[PDB]
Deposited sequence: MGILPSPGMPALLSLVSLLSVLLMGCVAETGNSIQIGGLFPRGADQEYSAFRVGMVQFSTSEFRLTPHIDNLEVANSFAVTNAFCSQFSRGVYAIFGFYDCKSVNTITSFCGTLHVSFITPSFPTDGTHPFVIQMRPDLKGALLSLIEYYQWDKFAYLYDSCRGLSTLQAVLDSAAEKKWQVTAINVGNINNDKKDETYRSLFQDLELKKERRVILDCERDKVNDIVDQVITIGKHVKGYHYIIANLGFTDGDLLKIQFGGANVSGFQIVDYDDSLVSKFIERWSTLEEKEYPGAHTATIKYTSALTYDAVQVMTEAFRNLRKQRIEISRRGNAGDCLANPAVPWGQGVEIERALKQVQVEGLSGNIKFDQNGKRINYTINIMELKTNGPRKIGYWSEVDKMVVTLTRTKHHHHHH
C-alpha cells in the first residue's frame, strides 16, 4: 500500500530534492512507501503554483510537500483550505493561522528579538528585502515602540535593476546620518554580500560593524564565504552538528555522489534541505499512525468538489500530532501547524570559525554558552 503525495519543488532546488530522495529511502518500510509525483516550477509565479497544485489535486494526493514565495503563499493557503489538502513546507511561516498547512520551519522572530536584547542594542538598522523581511521587521517595530529602540529600517530590495555606490553608498550616507554600526540584514545572500562589500569599499570603520544575519542557516555554505572585513557577525542555526542524528546523517550525506545526488557530498546541508528530509519523516510517521487506526480511505480543482472535509482533516491532524527528532531537532507542531518546543542555536563568527554562544527556546528565551 503506497500513499501518493505531491512534490512542488522550485526549479534549481537540487540539494532540497536530493535531501527528499534520501529521506524517502531512509524512512521507507515493508509496511508502505510514499509515491511522490514531482513538478518543478517558478514558485514565485502564482499561476504556475495554482496549475501545479491543481494538477496534483486531480491525480488525487493525500498530501503535498512543497515550497512557496511571498507572491505565491496566499495561493497555497487558499487552495489548501478550500480543497482540504494538507501542504507541508520548509518555506517561511505565515503570521496568521491557516488550515491544511504544516509549517516545517520555526519562527525566528522570537530569537531575533531576544538577541537584540542580549546585545543591549537600542539604536540600529534593519535592511529588509521581501515579505519575509517585512514580517520580521514588523515584529521588531512593534517592540521598538515598546522598548524605545531607534530603528532605521530600509528596503534594500526595492531598488530598480542594479544597486550601486549610488544606491548602496547613498544608503550609507543615510546610515552615517546617525553613525549606525549595529545592522540587521534580512535579505538574500547576494544582497548581504553586496551591502557588506560597500562597507568595505567605503573603508571606514569596517571592523567596527556588528551584523546580525536573520536566517536559520549561518553555517550553511555560502554565507560565511563573504568577506565581512573582520566585523562582529551573528546569526542562527537550527541544524546542530553536535547531535547524533545529524552527524550520522552527514557521514552518509558527504559520501554520496553528486551525479546521482546533486548538491550532496558536503560537510553541511542547507536548512531548507534538512527541513525537507525532516518533512519526509513527519509525513511517513503520520501515515503510519493513520494506518494504526486502520484508516485509508480513498483518492479539476475549479469545477469538481473539494476533498470532503472529514477525510482531509484526519490527515491534517495526523501530521500535526507527529512528534519526532530529526535534523532540525525536536519536531512538534501546535494546533495551527506551527513548530513548537524547538530550539535555535545563536552563533557568532569568531577567528576560529562560527561558534555557538548560546541557544534560544520556544519554552524559554536566550540561554548562554
{"property": "Deposited-sequence ranges lacking C-alpha coordinates, in sequence order", "result": "1-31, 331-335, 406-416"}
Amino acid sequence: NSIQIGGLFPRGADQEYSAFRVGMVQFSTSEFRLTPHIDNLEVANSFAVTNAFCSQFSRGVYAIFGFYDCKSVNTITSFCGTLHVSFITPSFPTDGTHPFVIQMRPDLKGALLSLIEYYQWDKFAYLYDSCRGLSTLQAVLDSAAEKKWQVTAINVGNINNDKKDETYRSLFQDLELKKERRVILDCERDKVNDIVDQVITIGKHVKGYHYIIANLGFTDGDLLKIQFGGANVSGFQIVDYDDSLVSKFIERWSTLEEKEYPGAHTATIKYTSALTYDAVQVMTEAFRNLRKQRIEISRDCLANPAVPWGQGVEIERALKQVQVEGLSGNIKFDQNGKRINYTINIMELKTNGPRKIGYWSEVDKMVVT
From here on, numbers count along this sequence of modelled residues.
| item | value |
| --- | --- |
| Mean C-alpha B-factor comparison - 111-119 and 81-89, higher one | 111-119 |
| Mean C-alpha temperature factor, higher of 234-242 and 175-183 | 175-183 |
| Highest recorded Cα temperature factor - choice among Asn158, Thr152, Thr276, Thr94 | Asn158 |
| Maximum C-alpha temperature factor, selected from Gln56, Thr35, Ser328, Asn336 | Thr35 |
| Chain third (lowest, middle, highest) by recorded CA B-factor, residue given as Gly229 | lowest |
| CA B-factor ranking of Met24, expressed as a third of its chain | highest |
| Third of the chain's Cα B-factor distribution that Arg132 belongs to, per the entry | highest |
| Within-chain third of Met283 by Cα B-factor, per the entry | middle |
| Entry-reported Cα temperature factor of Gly263, expressed as the chain third it lands in | middle |
